[PDB]
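J.: After the structure tokens below, expect a handful of questions from me.
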Amino acid sequence: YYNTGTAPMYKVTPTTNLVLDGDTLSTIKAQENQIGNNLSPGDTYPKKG
Amino acid sequence: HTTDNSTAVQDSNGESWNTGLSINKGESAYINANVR
């Protein structure tokens, strides 16, 4: 996850599509395992490195 | 008085191929719909 705004986001829970050719195989909302607690502007989760 | 003796040695080897296909009539497929 990456942030390019002016404010941080807490408890980041994105929803993503998975497309093979033109078929959306599945859409998943992030669970507790994939939720980022902090995402400051200009930062990345998981952090660089 | 007649006597005959015989010894027999047999070597038999073989191989086989099998193919199977099982289906369920209650849940034969799953459907996925793309919507907006």
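Numbering starts fresh at 1 for the residues of each chain in the structure tokens, the chains themselves are lettered A, B, ... in the order given, and ligands are numbered from 1 as they appear.
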How close does chain B get to chain A? List, as a Markdown table, each residue of chain B within 12 Å, its nearest atom pair and the distance in Å to one decimal, counting only C-alpha atoms.
T.:
| residue | atom | partner | partner_atom | distance |
| --- | --- | --- | --- | --- |
| B:31 | CA | A:25 | CA | 11.2 |
| B:32 | CA | A:25 | CA | 8.2 |
| B:33 | CA | A:24 | CA | 8.7 |
| B:34 | CA | A:24 | CA | 6.7 |
| B:35 | CA | A:24 | CA | 9.8 |
| B:36 | CA | A:24 | CA | 11.8 |
J.: Report the distance between CA of residue 46 (chain A) and CA of residue 27 (chain A) in Å, rounded to one decimal place.
T.: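 Here the two named atoms are 21.2 Å from each other.
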J.: Would you work out the distance separating CA of residue 27 (chain B) from CA of residue 21 (chain A), expressed in Å to one decimal?
T.: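 Computing the Euclidean distance for CA of residue 27 (chain B) and CA of residue 21 (chain A) yields 26.4 Å.
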J.: Any chance you could list, as a PyMOL selection string, the residues in chain A that come up strand (DSSP E or B) when DSSP is run on the backbone?
T.: chain A and resi 2+9-12+15-19+24-29+36-39+44
J.: For region 8-20 of chain A, find every residue with an atom within 9 Å (counting only C-alpha atoms), except residues of its own chain fewer than 2 positions away, and show them as number ranges by chain.
T.: A: 1, 3, 5-6, 22-32, 34-41
J.: Next, write the just-selected residues to a file, as a tab-separated table (two decimals), in the first residue's frame, keeping N, CA, C and O atoms as the atom set.
T.:
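And here is the file that came out, again-v7.tsv:
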chain	number	residue	atom	x	y	z
A	1	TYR	N	0.85	-1.18	0.00
A	1	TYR	CA	0.00	0.00	0.00
A	1	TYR	C	0.88	1.24	0.00
A	1	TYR	O	1.93	1.26	0.65
A	3	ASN	N	0.76	5.81	-0.17
A	3	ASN	CA	-0.04	7.00	0.08
A	3	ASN	C	0.60	8.18	-0.63
A	3	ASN	O	1.81	8.39	-0.54
A	5	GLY	N	-1.29	11.40	-0.63
A	5	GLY	CA	-2.10	12.54	-0.24
A	5	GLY	C	-1.40	13.45	0.74
A	5	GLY	O	-0.17	13.44	0.89
A	6	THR	N	-2.20	14.27	1.42
A	6	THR	CA	-1.69	15.19	2.43
A	6	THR	C	-1.96	14.75	3.85
A	6	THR	O	-1.45	15.38	4.78
A	22	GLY	N	-10.49	-10.81	-19.01
A	22	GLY	CA	-11.51	-9.81	-18.84
A	22	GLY	C	-12.45	-10.26	-17.74
A	22	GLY	O	-13.47	-9.61	-17.47
A	23	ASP	N	-12.10	-11.36	-17.10
A	23	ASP	CA	-12.91	-11.98	-16.06
A	23	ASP	C	-12.33	-11.61	-14.70
A	23	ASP	O	-11.16	-11.86	-14.44
A	24	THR	N	-13.16	-11.01	-13.85
A	24	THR	CA	-12.76	-10.74	-12.48
A	24	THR	C	-12.86	-12.04	-11.69
A	24	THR	O	-13.96	-12.50	-11.38
A	25	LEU	N	-11.70	-12.64	-11.39
A	25	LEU	CA	-11.70	-13.92	-10.70
A	25	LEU	C	-12.31	-13.81	-9.31
A	25	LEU	O	-13.10	-14.67	-8.90
A	26	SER	N	-11.96	-12.76	-8.58
A	26	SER	CA	-12.49	-12.55	-7.24
A	26	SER	C	-12.19	-11.12	-6.81
A	26	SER	O	-11.29	-10.47	-7.34
A	27	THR	N	-12.98	-10.64	-5.84
A	27	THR	CA	-12.75	-9.36	-5.19
A	27	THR	C	-12.68	-9.60	-3.69
A	27	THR	O	-13.59	-10.19	-3.11
A	28	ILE	N	-11.59	-9.15	-3.07
A	28	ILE	CA	-11.32	-9.43	-1.66
A	28	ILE	C	-11.19	-8.11	-0.92
A	28	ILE	O	-10.45	-7.22	-1.35
A	29	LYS	N	-11.90	-7.99	0.19
A	29	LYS	CA	-11.65	-6.94	1.16
A	29	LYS	C	-10.65	-7.44	2.19
A	29	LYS	O	-10.72	-8.60	2.62
A	30	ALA	N	-9.71	-6.58	2.57
A	30	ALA	CA	-8.64	-6.99	3.47
A	30	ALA	C	-9.20	-7.41	4.82
A	30	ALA	O	-10.12	-6.78	5.35
A	31	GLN	N	-8.64	-8.48	5.37
A	31	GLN	CA	-9.03	-8.97	6.69
A	31	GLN	C	-8.07	-8.43	7.74
A	31	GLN	O	-7.22	-7.58	7.45
A	32	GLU	N	-8.18	-8.93	8.97
A	32	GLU	CA	-7.30	-8.49	10.04
A	32	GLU	C	-5.83	-8.73	9.70
A	32	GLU	O	-4.96	-7.97	10.13
A	34	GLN	N	-4.35	-8.44	6.81
A	34	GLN	CA	-3.83	-7.59	5.76
A	34	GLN	C	-4.14	-6.11	5.98
A	34	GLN	O	-4.04	-5.32	5.04
A	35	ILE	N	-4.50	-5.72	7.20
A	35	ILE	CA	-4.85	-4.34	7.49
A	35	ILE	C	-3.62	-3.62	8.04
A	35	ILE	O	-2.95	-4.12	8.95
A	36	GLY	N	-3.32	-2.45	7.48
A	36	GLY	CA	-2.21	-1.63	7.93
A	36	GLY	C	-2.67	-0.61	8.95
A	36	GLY	O	-3.63	0.13	8.71
A	37	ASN	N	-1.97	-0.56	10.08
A	37	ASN	CA	-2.37	0.32	11.17
A	37	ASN	C	-2.12	1.79	10.82
A	37	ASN	O	-2.96	2.65	11.09
A	38	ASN	N	-0.96	2.09	10.24
A	38	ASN	CA	-0.59	3.46	9.92
A	38	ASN	C	-0.08	3.55	8.49
A	38	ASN	O	0.60	2.64	8.01
A	39	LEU	N	-0.42	4.64	7.82
A	39	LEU	CA	0.09	4.92	6.47
A	39	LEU	C	0.21	6.44	6.34
A	39	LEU	O	-0.75	7.12	5.98
A	40	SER	N	1.40	6.95	6.62
A	40	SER	CA	1.67	8.38	6.54
A	40	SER	C	1.81	8.80	5.07
A	40	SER	O	2.12	7.98	4.21
A	41	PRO	N	1.58	10.08	4.77
A	41	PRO	CA	1.74	10.54	3.39
A	41	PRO	C	3.17	10.37	2.92
A	41	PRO	O	4.12	10.76	3.60
